[PDB]
Structure formats: C-alpha cells, structure tokens
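Notes follow once the structure below has been shown.
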Amino acid sequence: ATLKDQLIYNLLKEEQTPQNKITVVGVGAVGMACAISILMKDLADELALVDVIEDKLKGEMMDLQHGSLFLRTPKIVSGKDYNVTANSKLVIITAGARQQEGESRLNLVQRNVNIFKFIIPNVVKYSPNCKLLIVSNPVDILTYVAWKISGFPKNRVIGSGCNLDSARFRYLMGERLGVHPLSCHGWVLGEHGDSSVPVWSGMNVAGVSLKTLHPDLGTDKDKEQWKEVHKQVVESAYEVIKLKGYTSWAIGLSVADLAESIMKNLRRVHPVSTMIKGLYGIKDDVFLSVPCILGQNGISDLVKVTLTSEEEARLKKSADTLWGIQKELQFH
Amino acid sequence: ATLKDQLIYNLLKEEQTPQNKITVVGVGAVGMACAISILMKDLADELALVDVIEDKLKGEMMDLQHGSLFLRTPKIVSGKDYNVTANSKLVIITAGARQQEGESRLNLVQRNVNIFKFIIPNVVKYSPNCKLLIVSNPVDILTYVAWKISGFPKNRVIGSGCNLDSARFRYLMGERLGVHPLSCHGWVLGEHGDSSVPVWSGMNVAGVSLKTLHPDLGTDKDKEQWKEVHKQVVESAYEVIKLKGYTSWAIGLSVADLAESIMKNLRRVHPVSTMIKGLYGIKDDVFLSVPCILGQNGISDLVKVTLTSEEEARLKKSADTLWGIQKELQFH
Amino acid sequence: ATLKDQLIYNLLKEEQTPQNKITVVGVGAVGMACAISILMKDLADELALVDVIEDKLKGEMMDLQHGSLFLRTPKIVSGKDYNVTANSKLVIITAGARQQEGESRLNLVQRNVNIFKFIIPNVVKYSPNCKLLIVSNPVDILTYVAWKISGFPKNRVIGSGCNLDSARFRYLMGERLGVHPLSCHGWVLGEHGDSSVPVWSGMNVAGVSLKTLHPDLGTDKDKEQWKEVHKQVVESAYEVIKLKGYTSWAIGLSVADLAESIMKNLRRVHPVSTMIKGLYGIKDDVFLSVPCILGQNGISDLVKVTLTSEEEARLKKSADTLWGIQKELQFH
Amino acid sequence: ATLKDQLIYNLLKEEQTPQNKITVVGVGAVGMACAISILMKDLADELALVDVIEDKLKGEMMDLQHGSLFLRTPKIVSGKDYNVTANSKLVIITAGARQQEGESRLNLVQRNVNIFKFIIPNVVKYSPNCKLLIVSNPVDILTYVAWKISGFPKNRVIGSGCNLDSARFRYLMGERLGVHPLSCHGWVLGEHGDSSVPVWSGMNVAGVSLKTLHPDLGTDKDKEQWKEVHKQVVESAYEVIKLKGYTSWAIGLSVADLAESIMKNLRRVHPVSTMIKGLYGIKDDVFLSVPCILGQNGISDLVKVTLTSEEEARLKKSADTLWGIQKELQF
Ligand SMILES: COc1ncc(-c2ccc3c(Nc4cccc(C(=O)O)c4)c(C(N)=O)cnc3c2)c(OC)n1
Ligand SMILES: COc1ncc(-c2ccc3c(Nc4cccc(C(=O)O)c4)c(C(N)=O)cnc3c2)c(OC)n1
Ligand SMILES: COc1ncc(-c2ccc3c(Nc4cccc(C(=O)O)c4)c(C(N)=O)cnc3c2)c(OC)n1
Ligand SMILES: COc1ncc(-c2ccc3c(Nc4cccc(C(=O)O)c4)c(C(N)=O)cnc3c2)c(OC)n1
C-alpha cells in the first residue's frame, strides 16, 4: 500500500500525447529567453528542450522545472534525442553554427546546412505536422535551408525575420514621439539585418501618416534624420552584443509573441521571413520578411504592401544576394 | 514646428512621479531573471536596474527595452548612480561579494557587509519608504546586514529565504504524487541552506496529512525514503550550478512571486527570512525562514508553526550559528 | 479583384479546424459569467454559446464579439443549433428548468432530465470526445443524469460540485484569520448544498492544522463558533439571491478555474462532483464532490480524504437521499 | 487564547492607504461589466462599488468577494456613502438619468446635471486627486458636465467617447479582411452616436492605406459598400439592445482597457471625449472624441488628425449642436 496509493485512487491509466506542445531547439541565451518568455505567456501545456550539450540542457530543464509552482505549464522535458519533441505544435530552432574567426559567410551557412541536415529531419520525423519557426542566423537563409530539408509546405516554415526589427523600430519611434510602442506603427521588411527596408509610407500614429505630414521623411535632406532611426534598428544587436555579449530578452519576447499568434490561432499580422518568389519581381526560392497572417497553419496569407520603385529594388538585391549564397550550398 | 509637434498637441507636460516602481540591484543572472520575471507579471510601471558595470548594465537595459512593445511596463531605466532608484516601492538586492577559492565563511560575509555599506544607504536615500527584498546569499545573514545598515524596521526588510526552497520541495512532492505543485503542500523552513527544515507535520494534499497516513515519513526507516526529497531540495543550486554554471530562472520566478504579493498587497503566506528573536527559544538578533504574511508594508505578521523538539533544535542551532557569524561582523 | 484580395494575397485554403474550443450551454447570468471569465483567462481559441432563446443569444454573442479587440480568442459563435458546438473540448452546461412555486423537488429534477434528454445527446452528437462540466442545479443529480444520458465514461463527466463552496469557505476563513484565501486551506465535500461537509481535520494555514491547535474547532462548545463559517457558506447562494436575485460572478470565476485545469492539463486538485460508488461505503451510482485531480482527460484520479465516521455518515446519507431521487427518474 | 492567537504572531502595524484603487459608480450592467473586467485584468488593489440601490450593491459586492480566491484584488468594498470611494486613483461614472418615452434631449441632460451635482461633488470630496472616467449614458455632454462640476483640470476628466465605437469598427474591419482586430486599424472620432466620423483615410493593415488601394472606400458609389461598416458601428449599441436588453460586455472591456492605460501609465493613444476647444473651427467649450495619449495623469497630449472638409465640418456641427444644448444648462 504505497503512500501515493493510500492518498490517491487512480481512475484512468490512459493518455499518451499532449495538446499544445512547444519544442525549443538549442538552449543558448536566445533559446532560453524564448523558453522563459513562452512559459510565462502560458502558451503550451508541454515544453521540450533539445540540444547536444548534455549537462547544460539538463541544468536548464531542472532550473525551469523548479519554478513549476509559479507557472501554468505542467510538463517540461529535455533530451539530446529528438523523441522528446514528439507531437509538437510549434518547434522553434535557435540552434546553429557559431562563427569562426576567418570564416566566409558561405562556410557558416554551409555548416549550418550540415547541422540542419541532422536537426530538421529529426524534428519532422517526430512532429510531422508541426510548424517550424526559425530563429537562427542568418535567418532568411536558414529558413530556406529548413524549408528545403523538411519539405514542409511554405506556410509551415517561418523565419523570426523582421518581427524583432519592427519591434525595435517601434520602440524607437515611440521614444521620439512620447508614445507607447503599441500606439506607434511602422514596418521593417525584407532581409533581416543590414539591408532591411524601413517602410516610411506605412508609418503612422492613430492613422495620421508621418510621411504625409513630413514629406521629406526617411531621406537625406530629412531635417529630422529619421533615416537614423533605421540605422539604430540595424546597429542594435551589435551595440547590444558589444555592450553585454548577446541579445536574448527582446528576441525571446519577439518569438513569444510569434508563437502566441500561431498557438492561439489569432490571425494577427507580423513581418516574418517567408517564401516570396513571384512577389516583387523576385524569381528565386528566396525568403524575405513581409507582413504575414500567422495562425495555427502558420502563414495563411500575406499582405501585399506598396513599395516604391526605390524600396522594391532593395528587396530585389537582398534576394539576388541571398540566392547568390543559397545556390552554393550542398545538400547531397 | 517639428513632426512630433504637428501630429501631437501637448495639453500639459507634467512631472510624473513613479507610482509602482521596482528597483533591481545587480544584473547577474539572478539579477535579470528577477527583472524579466517581474516585467512579465506586469507588477511595475517602472523598472530600474543598478550596477557598477555600466557597459553590461546598459546592454541589459536596452535589450529589455527593445521588446517594450511586448510589455506593459513603460519606463525601464538603468544607471550606476542610485538616483535612478528614486521612489521605488520595492527594491530587490541580488548584489554581493564573489567567493574566492579559499575564503572563509565570515570574511566573505564581511566583504558582503562592505558592499551593503554602500548599496543600502544609497537605496534608502532615494526610496526611504521602500521595502527591501534581499535575494543575495548567504541570505539569512545578509538580510540581517541590510536591516542593521538600513535602520529600517523588521517588516520592511525581507529575505528571499526558503520561498524557493519550498517551491522545490513542492515540485518534487508533485512529481512523486503525480499532482501539480499548486496542489501539493509542504514547508521548508529555517536556514536557507543545508540546515533547512522540512516540516513533515505539514505535508498534505487536499488537506490530508501525509504524516498521519504513512508515519515513517521523513525518518531513516522510511521505506519510501521521503527524506531524499529534502536532500534534493538542499542540493539543487549545487546540481544545477554544476550542470549549467549558475541558477536563475527558478529564483527569478520565485522573487516575482514575492513581488506580486508585496506590490499587489495580497497578504499571502510565503516562507521568507525575517527577524525571529523570541520564537522557538531563539534569543539573538537573527533572521530565518518562517511562514510570513506578505503585503504592501512587507511582513505584517508571521505564522506560528508547531515544531517537534528536534525541529526546534535545528532552528535554534541554525540561529546559534548565524549569531556566531553575525557577532564578528564590523559595521562602523 | 476586390479590395480584400488586392491587400491580402492568400496561400492556404483555411481548413478551419478549431483546436481548443469550449462551448457554453445556456446564456443565463451564469452562462455569460462563465463565457466572460473564460475569455479573460485566454483559455480558448473558439467559444460557442448555445441556448433556445434566439434573439437573446445573438445579442450576447454580438456584444462579446465587439470586445474582440481586447481578447485573444479569435472566434466567438452562437446558435439555436448544436452544430455550432462541434469539436468542443469542454462543454459547460448551465441550462436547466426554472422552478415553479408548488412543484415538488422530484418534478423539477425530472423537468431537468427532460431537457438534458435533448441537450446532452446533441452535445455528444457533435463533440463525442468532449468533457462535460455540469453547473446546472441540482448539480450532483444532473451529473448522474448527464453521465447516464451521455454514456461518456465517468472521468469525462464532472459536476461543478462543491468547487465554489470551498472557495467561499476559503474566502471566509481568510476573513477571520486576515489572510488571502489562497493561503487558507479547507475543503467542503459531499452534496453541493445544505448537507455538504466541512472537513475540519484538513483545515490549515502554512501546514498547521487549526483542528490540532484548537481541537474544539467546529463542534458546538467551540468558543469561536467556527461551525458558522460553514453555515455562511451554504447560505451564501441564498443571501446573494435575496440581494441581487441570482449569483453569477463567483460561480463564473470558479468554472473558469475548472476549465483552466482541464484545458491546460494542470492536474490540480479541485473538489468537484464525480462518481464515488465504491468509497465511503457507497454502493449506488451517485455523484458527490471529493477532491479530484483535473486534467485534459477530466477526472483522472481522486484523493482519498480520511473522514471521521461522522463525516462518512453524512456522505452516505447524502448518497441515499440522492439515489432515491435518481432511481425515480424517467429516461427512455 | 483565540485560534488566531495560537496561529498568528502579530507584528506592529503601519498605516495603509490603498495604492491603486478604482471606484465604479453605478452597479448597472455597465458598471458591473466594468467591475469584473477590471478585476480580471488585475488593475486595482481596491475596488469600490457605489450606487443608490443598496440591496443590489451589497449583493454584487458579496458575489465578487466570494470569487476572491480566483482574483488578486484583495479588497472589494461597496456602499451608499461615498466614503467607500476615498483615495481612488481612477473613478469611473456610469450613473445618470434614464430617458423616458416622452423626454427630450434637453430635459434628460438637465436631470443628468442634477444627479451629477450630487455624485461628482461627492466623488472629489473623498478622492480629490482622481481621474474621472465618464461612461454615463450621453457622453460627450456628461463628460463636459462632470468637468464643470468637479472643477478639475481638463486632462483628468475623460469621456469614453468613441473608444468603444473604434473597437467595433475594428472588429467589423477584421471580419471582411480575415484579420484580427489588433492588426486592423481604423478610427471613429467625434460625437459618439449617429454623428461619429469614420476616418477612411487612416484605415489600414500593416500601414497600407485602404482609401489609397480602393479610392471609393466608404463613399456612396462604393461597390462593396464599406460605408455599411460604419452605419453598423452606430447601429450596434441600439441593436444589441434590441436583441439582449442593454450593452455590457464590450463597454466593460473598452473601459477596462482605458483603465489599464491610465493605471499603468502606458501612454497608449485612445479615441476619447476630451475638450477640443482649439481644433476644427470649434471655438466652443465642448468635449468630442479625438485620439489621446492616456497616461497616469489622464489625457496628457492628443493627436491632430488631418481631416476632409467633410469630416472637419461634421465635428464642427457636432460641436455646434452640443454647445446649443450645453448653453441652456445651469449649475
Ligand atoms: C551524426 O549525427 C549528428 N548529431 C548531432 C549533430 C549536431 C551538430 C551541431 C549542433 C549544434 N550546434 C553546434 C555544435 C557544435 C559546434 C558548433 C559550432 O559553433 O561550430 C555548433 C546545436 C546547437 N544548439 O546549435 C544543436 N545540435 C547540434 C547537433 C550532427 O551534425 C550537424 N549530427
Ligand atoms: C563607497 O563606494 C563604493 N562604490 C561602489 C561599491 C560597489 C562594490 C561592489 C558592488 C557589487 N559587487 C562587486 C563589485 C566588485 C567586486 C566584487 C567582488 O566580490 O569581487 C563584487 C555589486 C554587485 N553586482 O554585486 C554592485 N554594486 C557594487 C558596488 C562600493 O563597495 C563597497 N563602494
Ligand atoms: C426535443 O426538442 C427540444 N428542443 C428544445 C428543448 C429545450 C428545452 C429547455 C431548454 C432550456 N430550459 C428552458 C427553456 C425555456 C423554459 C424553461 C422552463 O423551465 O420554463 C426551461 C434551456 C436553458 N437555457 O435552460 C436551453 N435549452 C432548452 C431546450 C427541448 O427539451 C425537451 N426539446
Ligand atoms: C441630494 O441627495 C441625493 N441623493 C442621491 C441622489 C442620486 C440620484 C440619482 C442617482 C442615479 N441615477 C438615478 C437614480 C434613480 C432613478 C433614475 C432615473 O432617471 O430613473 C436615475 C444613480 C444611477 N445608478 O444612475 C446612482 N445614484 C444616484 C443618486 C441625488 O441626486 C438627485 N441626490
């Protein structure tokens, strides 16, 4: 008569699979910052952690487990073996190759490709109907990589993309205006990183367009040098890395948000990295960031935004550049 | 006018004084875990980070800010100068002195004293009605230190104590019983240490005593070896640290729980560390963990747990030890 | 092409399968009070109302729908037809028979059987895998009813039972002690209503038995008349009804909590009305509240509270009372 | 030795002003949806219910109290005396006259006035530093009336105005588009009710104007009749009423949100009835809804919307109309 029995009468052995599970691949700073942000936005009923640093993984699982009482996520798990990811709704990939000192962009991508050849097939093996959210950098390329390898349909392979840059862009637009980032509205689209496109037209507060009111906005003659708000957005990760080593907190929150729209099927619009062949006179299997309706099927629809002849040509080059790398990868 | 000004008539510029501010001191893992935890329970309208490493500090401020859009906490600030702490409701001290290979228990506490000699009277100079939460270890003794230096009354100086220690005890209880830890109950009391006292008299589910059910519970002849659960409670920071380098996430979640009860005036009972001279035959100015009613003036009352002679001795000895260390500190 | 198709390019034909759908039968005060508290606890990706009063139902639906902007539950639907309930995980029944002055108690019960005859098989026709939460009164009979009619296994039919009663009990207990109900513990078990049993043994704060401490607790010699804390609990429903005409808000929150546990698979222990034929020397086919663990599978296990042969006697006499009514009900 | 004595050692007390206290005047369906909606978004530490029906008041208070276990708002107090409202950071008024079959516009607001000379003075008497949120009934005037009687700075007297109207417009915009309301943007401003102006120019998703993408949007010669959405916005409260009796749920969540902005100092922008003596022609003391930044100081700044001469001149007339009533009042 063990105590667990004396105390509790079981009605029902049954039960196998969980309902709203989320896997986070790789437990870096970014990894865990996603993990804590997801825990505390009560988005999953089971959370799986995967990496290859066996002892680190186990530590992060334990540390989180011990705060269980203060959370409404009842089962947390880890393992170097992907069987623990089984039946995930959403699977977030933060894992990748750490940059070497001399290393070409291609090599870094390729070594990411060779990693993704182990991870992505294992993810889809165990969670064949999952949506894949790629956070790893360079994200617009690695999203492609994980698309190619998974063979998931485009709607189920989503890049963190510019969801964070747009978040920074609004934070900073807010600082200037004395307004909360929620009420400040602006979009950074295209290649995540150095050559992203800050869409000045679609900036506004309460619906009164900044570009209309200030025609010179987003340009060199711009008395108010609003083009420097873009630059802060691009310089951001770097000046934060230079300051503290990495980014983590905002990326975690940014991803948490994305998972929320996916997990609760909210059909909100975020700018994420997605397969924009055909759109904007781009002809290659290339992922770029564009305002997308996220929900339980991942990206169900995407918003055709009006870019200038100018802003269009940016995305073109971003994608020529991208394909220029993408076509030298080795999958077989 | 500017763009700001043709879009936004100003009705009145006004000196805001912050209404529900929370300062966090030290931005190590425990530092930031407490801040990310607090940020996401929306417990404050202004967070202030303070440390001595300006570059690190400032990175963390920005990386927090950069997901301001995802948060309902509109002002985040950081500085090395304690004026950024102005008007805090609750100040949380994670900061301290870093142990030195062969350093002595007491010498370590004295460097802690010196640091608190700077940190504390600055904190009180700029938020003289604040509550102090001491998270920094050795907790029970450093809570005494900040009380003695702050000149605050015993109710506004609070140690993070065994609040976490008990949360672990309940996680573990939970995983053994198959019940959420919200619904498994148990109290780890006394020195947040190896000496921590697992009160078996109290362990219940749904108010059914585990002791009256299986009276070997917590004893050497206990075939279910329930004592191990406590051992595991005691050795967790060690096992986690060994596995991941530090601990953070549980302690952060735990502190935010206290922050909730304090900031939200809840009057829940948590096991924190407070002055308990008088109780359980304790005679000296010592601090230990005892179930406390927490609310907006910190500790208003504290629950009188009944203890077996052995348990009472444990606590007394705990206090004997701690007075032992406290009595060779040097303040002035 | 229309404006919509201009703006938004779609990718996927929305299957539109709903994941965490909840339905509310009856849009009473209680029905909406559940609906609104569920919407505010982000527990569903689709809510469905169903009642016979059509002009009313549509109105409630349209109003909830209008606050859509401040909720994260993207699809709220209503209908005379139970076809809208389809794919519900949880179906919460508030519907029932409005009492008639002079009617026997048996008839009222019977009229309720007679509308569950229409409701329940309509609910299981469209959502064969759902969990039934019965809130309707008398709740322990109508659970037996829904259970018999549904033919669902016992674990997927749950009475609202004495969940609320214990929340009142805890509330009141806290009043006296000066503690939040969260930290005051005590369990009210058996038949929801005049015969419900306060289990004094299990009353505690922090792990300390009030019953041990004050062994008179809840007899009549009790200088503190703690027995009144029960009577206030039973007469609370009546007392509110006399003052505003019904209760809605507390029962609302109480049901949102049951839902949370079920929908999030928390396995927290709630005192809900389940089948207890087998325990407490009951050999009928009766539903009474007992502390149950609540999961995605409904009631998975249940706690075996130790009762004084007195407490047992009431429970047994409740079950006769109840069966003697139940055995007279017409069903086919 | 009481049980308390044996269980709880008691430390010395210090005093205790409540720290984030919200009071709701009027426990009608609107009042109470405001009450529960605030309780669930954990915006207060004290909630005060006040009205004149006193049996009802105490019943609603007990009922909320019994759910205390499921909330983190540890004091709910009610009463017919306005001392229960003391130290309210935010006080939300729903009380007011109820129009009768016979009544005209001008008599109903003169009564609202008289009821307000009882309530408003009493609210300030015990919480002189509150922000009045007027939900009342006929808002853009009663907000004026609270402002005049309280004697408070224009910023601390805020009408719900078209806050709710905009959320209804966003829901509907939402509908046609296949997009959550959070990600749909559009604004209804001015006289809450029949005269509310849907700023077609400002309608968008992801910053792409609809007026620019489909130039007959919201005009009469519109193929997919988008004007109907804004008809529907004025229709809805006056249509649900038809269907259910009153409106509650949406108004509650609307107010709650304004409460969140106020109580946490979000400086989020909200279309609220504020005193726009200075814009659009309006050289008159009137409140109308325009987008405003709600901080902890009430309405701290506002947004100057560019408007079609059609839109300007509707507000202009909204404001003429309102001053035409307001001038005939007396205090
Ligand atoms: C033969 O099967 C097998 N098993 C494991 C791996 C493998 C390689 C790298 C991995 C990986 N990254 C990693 C591992 C080692 C070095 C580096 C680096 O920075 O170069 C990066 C991660 C992660 N968290 O980023 C996670 N899992 C990995 C897994 C692998 O190769 C990709 N192949
Ligand atoms: C009176 O002037 C003055 N000014 C600053 C400090 C001081 C020293 C150490 C501090 C401190 N820790 C710290 C700093 C430097 C060294 C060490 C260590 O133990 O090696 C520890 C922290 C923290 N995050 O732990 C935070 N603030 C500090 C502040 C100080 O220390 C007594 N005194
Ligand atoms: C077989 O066809 C059919 N169709 C509809 C009903 C029926 C009866 C009562 C219902 C019902 N109860 C109800 C409705 C109207 C009046 C009464 C009453 O007791 O006066 C009770 C409710 C509810 N919200 O309580 C909701 N749906 C109902 C539906 C019904 O009941 C036998 N049968
Ligand atoms: C001078 O003493 C005094 N005492 C009480 C009131 C008074 C009047 C109207 C009130 C008031 N309105 C009200 C009360 C009764 C009837 C009506 C109506 O128009 O039918 C309107 C409300 C509310 N819930 O709307 C709440 N409190 C009130 C309180 C009052 O105002 C005239 N004056």
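Note that the protein sequences, when read in sequence, are chains B, L, X and Z.
Start counting the first sequence at 762; every next residue gets the next number (my numbering).
Start counting the second sequence at 762; every next residue gets the next number (my numbering).
Start counting the third sequence at 762; every next residue gets the next number (my numbering).
Start counting the fourth sequence at 85; every next residue gets the next number (my numbering).
Just so it is clear, CB atoms sit at the ideal spot from N, CA and C, and this is done for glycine as well.
Exercise. Should residue 305 of chain Z be labelled buried (16 or more other beta-carbon atoms within 10 Å of its own) or exposed?
Worked result: For this step, residue 305 of chain Z is matched to residue 221 along the fourth sequence. Label assigned to residue 305 of chain Z: exposed.
Check your understanding: Between the stretch 937–948 of chain B and chain Z, which residues of the former have CB atoms less than 9 angstroms from a CB of the latter, in chain order?
Key -> 939, 940, 941, 943, 944, 945, 946, 947, 948
Practice problem: Decide if residue 1093 of chain B is buried, meaning its Cβ has at least 16 other Cβ atoms within 10 Å, or exposed. | Solution: As a working mapping, residue 1093 of chain B is identified with position 332 in the first sequence. Exposed, since its Cβ has fewer than 16 Cβ neighbours within 10 Å.
### Message
Measuring CB atoms only, is the stretch 1057–1073 of chain B touching the stretch 955–973 of chain B, in the sense that at least three cross pairs come out at less than 8 angstroms?
### Response
yes
* Asked: How about residue 202 of chain Z: is its Cβ closer than 6 angstroms to a heavy atom in ligand 4?
  -> Translated into positions along the fourth sequence, residue 202 of chain Z becomes position 118. Yes, since a heavy atom of ligand 4 falls inside the 6 angstroms radius drawn around the Cβ of residue 202 of chain Z.
Need the endpoints of the alpha helix (DSSP H) that residue 825 of chain L sits in, please. For this step, residue 825 of chain L is matched to residue 64 along the second sequence. That run of the alpha helix (DSSP H) goes 815–826.
* Answer with buried or exposed for residue 85 of chain Z, where buried requires no fewer than 16 other C-beta atoms within 10 angstroms of its C-beta. => As a first step, residue 85 of chain Z must be located in the fourth sequence, where it is residue number 1. Residue 85 of chain Z is exposed by the Cβ-count criterion.
request  = Report yes if the CB atom of residue 783 of chain L is closer than 7 angstroms to the CB atom of residue 893 of chain L, and no otherwise.
outcome  = Residue numbering aside, residue 783 of chain L sits at position 22 when the second sequence is read from its first letter. Residue numbering aside, residue 893 of chain L sits at position 132 when the second sequence is read from its first letter. Going by C-beta atoms, residue 783 of chain L is not nearer than 7 angstroms to residue 893 of chain L.
Worksheet entry | Buried versus exposed, by CB contacts within 10 Å (16 or more), residue 179 of chain Z | In the fourth sequence, the residue the question calls residue 179 of chain Z occupies position 95. Label assigned to residue 179 of chain Z: buried.
Enclosing alpha helix (DSSP H) for residue 879 of chain X [first to last residue]: Walking along the third sequence from the start, residue 879 of chain X turns up at place 118. From DSSP, the alpha helix (DSSP H) with residue 879 of chain X extends over 866–887.
### Query
Mind checking residue 187 of chain Z: buried by the 16 CB within 10 Å criterion, or exposed?
On the fourth sequence, residue 187 of chain Z is found 103 positions in, with the first residue counted as 1. Residue 187 of chain Z is exposed by the Cβ-count criterion.
Next item on the list: Can you tell me the Cβ-Cβ gap for residue 818 of chain L and residue 810 of chain L, rounded? I've got them flagged as a contact below 8 angstroms.
Entry: Here residue 818 of chain L refers to the residue found at position 57 when the second sequence is read from its first residue. Here residue 810 of chain L refers to the residue found at position 49 when the second sequence is read from its first residue. About 6 angstroms; that satisfies the 8 angstroms criterion.
How should residue 213 of chain Z be labelled, buried or exposed, when 16 other C-beta atoms within 10 angstroms of its C-beta is the threshold for buried? Position 129 of the fourth sequence holds residue 213 of chain Z. So residue 213 of chain Z counts as exposed.
Whole alpha helix (DSSP H) elements within the stretch 822–862 of chain B, 4-residue minimum: none
(Q) With H, G and I counted as helix, E and B as strand and the rest as coil, what does DSSP make of residue 809 of chain L? (A) Along the second sequence, read from residue 1 onward, the residue named residue 809 of chain L stands at position 48. Looking at residue 809 of chain L - three-state DSSP - the assignment turns out to be strand.
- Query: What distance in whole Å lies between the Cβ atoms of residue 954 of chain X and residue 934 of chain X, which are believed to be in contact at a cut-off of 8 angstroms?
  - Reply: The residue given as residue 934 of chain X occupies position 173 in the third sequence. The residue given as residue 954 of chain X occupies position 193 in the third sequence. 19 angstroms between Cβ atoms; not a contact.
Open item on the list: Would residue 228 of chain Z pass as an interface residue toward chain L - the criterion being a Cβ-Cβ separation below 7 angstroms?
Closed with: The count along the fourth sequence starts at 1 and reaches residue 228 of chain Z at position 144. By this cut-off, residue 228 of chain Z is not an interface position.
Proximity to residue 171 of chain Z [Cα-Cα], best of Z:198, Z:195, Z:129: Along the fourth sequence, read from residue 1 onward, the residue named residue 171 of chain Z stands at position 87. Residue 171 of chain Z has its Cα closest to that of Z:129, out of Z:198, Z:195, Z:129.
Throw me the rounded Cβ distance for the residue 119 of chain Z and residue 828 of chain X pair, which I believe falls under 8 angstroms. Against the fourth sequence, residue 119 of chain Z aligns to sequence position 35. Against the third sequence, residue 828 of chain X aligns to sequence position 67. Not confirmed; about 15 angstroms, so no contact.
Exercise for the section: Report the residue from X:1084, X:978, X:877, X:1080 whose alpha carbon sits nearest the alpha carbon of residue 853 of chain X. Expected result: As a first step, residue 853 of chain X must be located in the third sequence, where it is residue number 92. The shortest Cα separation from residue 853 of chain X among X:1084, X:978, X:877, X:1080 belongs to X:877.
task = Measure from the C-beta of residue 313 of chain Z to each C-beta in chain B and report whether the shortest distance is under 7 angstroms.
result = Stepping through the fourth sequence from its first residue, residue 313 of chain Z is reached at position 229. Taking Cβ atoms only, chain B never reaches closer than 7 angstroms to residue 313 of chain Z, which makes this a no.
query = CB-CB under 8 angstroms to residue 342 of chain Z, same chain, minus the five flanking residues each way: which ones, in chain order?
reply = Against the fourth sequence, residue 342 of chain Z aligns to sequence position 258. Excluding residues within five positions, the ones whose Cβ falls inside 8 angstroms are 217, 242, 244, 247, 354, 356, 378.
Less than 6 angstroms separating the Cβ of residue 856 of chain L from some heavy atom of ligand 2? What you label residue 856 of chain L is simply residue 95 of the second sequence in a count that begins at 1. Residue 856 of chain L: yes, Cβ under 6 angstroms from ligand 2.
How about residue 333 of chain Z: is its C-beta nearer than 7 angstroms to some C-beta of chain X?
Looking up residue 333 of chain Z in the fourth sequence gives position 249. At least one chain X Cβ lies under 7 angstroms of residue 333 of chain Z.
So is the beta-carbon of residue 875 of chain X under 6 angstroms away from any non-hydrogen atom of ligand 3?
Residue mapping note: residue 875 of chain X aligns to position 114 of the third sequence, counting from 1. Yes, ligand 3 has a heavy atom inside 6 angstroms of this Cβ.
Report task. Have a look at residue 913 of chain X and residue 967 of chain X and give me their C-alpha separation to the nearest angstrom. Result -> For the purposes of this step, residue 913 of chain X is taken as residue 152 along the third sequence, with counting starting at 1. For the purposes of this step, residue 967 of chain X is taken as residue 206 along the third sequence, with counting starting at 1. Taking the straight line joining both Cα atoms gives about 39 angstroms.
* **Check whether residue 825 of chain B and residue 942 of chain L have beta carbons under 7 angstroms apart** => Position 64 of the first sequence, counted from the first residue, corresponds to residue 825 of chain B. Position 181 of the second sequence, counted from the first residue, corresponds to residue 942 of chain L. Cβ atoms of residue 825 of chain B and residue 942 of chain L: not closer than 7 angstroms.
Original post:
In angstroms, rounded to a whole number, what distance separates the CA positions of residue 989 of chain L and residue 1022 of chain B?
Top reply: The residue you call residue 989 of chain L lines up with position 228 of the second sequence. The residue you call residue 1022 of chain B lines up with position 261 of the first sequence. C-alpha separation (whole angstroms): 43 angstroms.
*Check the Cβ-Cβ distances between residue 1029 of chain X and every residue of chain L, and say whether any is below 7 angstroms.*
For the purposes of this step, residue 1029 of chain X is taken as the residue at position 268 of the third sequence. Answer yes: the Cβ-Cβ gap between residue 1029 of chain X and chain L drops below 7 angstroms somewhere.
Check your understanding: Counting along the chain, where does the alpha helix (DSSP H) carrying residue 115 of chain Z start and finish?
Key -> As a first step, residue 115 of chain Z is located in the fourth sequence; it is residue number 31 there, counting from the start. Where residue 115 of chain Z is concerned, the enclosing alpha helix (DSSP H) stretches over 113–124.
Note to self: Quick check: is any heavy atom of ligand 4 less than 6 angstroms from the C-beta of residue 182 of chain Z?
What the structure shows: Along the fourth sequence, one-based indexing puts residue 182 of chain Z at 98. Indeed, a heavy atom of ligand 4 lies less than 6 angstroms from the Cβ.
TODO: Taking only heavy atoms of ligand 4 into account, decide whether any of them is closer than 6 angstroms to the Cβ of residue 135 of chain Z.
DONE: The residue you call residue 135 of chain Z lines up with position 51 of the fourth sequence. Checking every heavy atom of ligand 4 against the Cβ of residue 135 of chain Z, one is found closer than 6 angstroms.
- prompt: Which residues of chain Z have a Cβ atom closer than 7 angstroms to the Cβ of residue 765 of chain X, listed in chain order?
  reply: Taking the first residue of the third sequence as position 1, residue 765 of chain X is located at position 4. In chain order: 260, 261.
Spatially closest choice to residue 1029 of chain L from X:823, X:944, X:881, X:838, by CA coordinates: Here the question's residue 1029 of chain L lines up with position 268 in the second sequence. The shortest C-alpha separation from residue 1029 of chain L is found at X:944.
Should residue 768 of chain X and residue 1058 of chain B be called a contact, given that it needs their Cβ atoms to be closer than 7 angstroms? Stepping through the third sequence from its first residue, residue 768 of chain X is reached at position 7. Stepping through the first sequence from its first residue, residue 1058 of chain B is reached at position 297. Contact: no.
(request) Give the interface partners of residue 346 of chain Z over in chain B, defined as CB-CB distance under 9 angstroms, in chain order. (result) The residue labelled residue 346 of chain Z in the question sits at position 262 within the fourth sequence. Chain B residues near residue 346 of chain Z: none, gap ~13 angstroms exceeds 9 angstroms.
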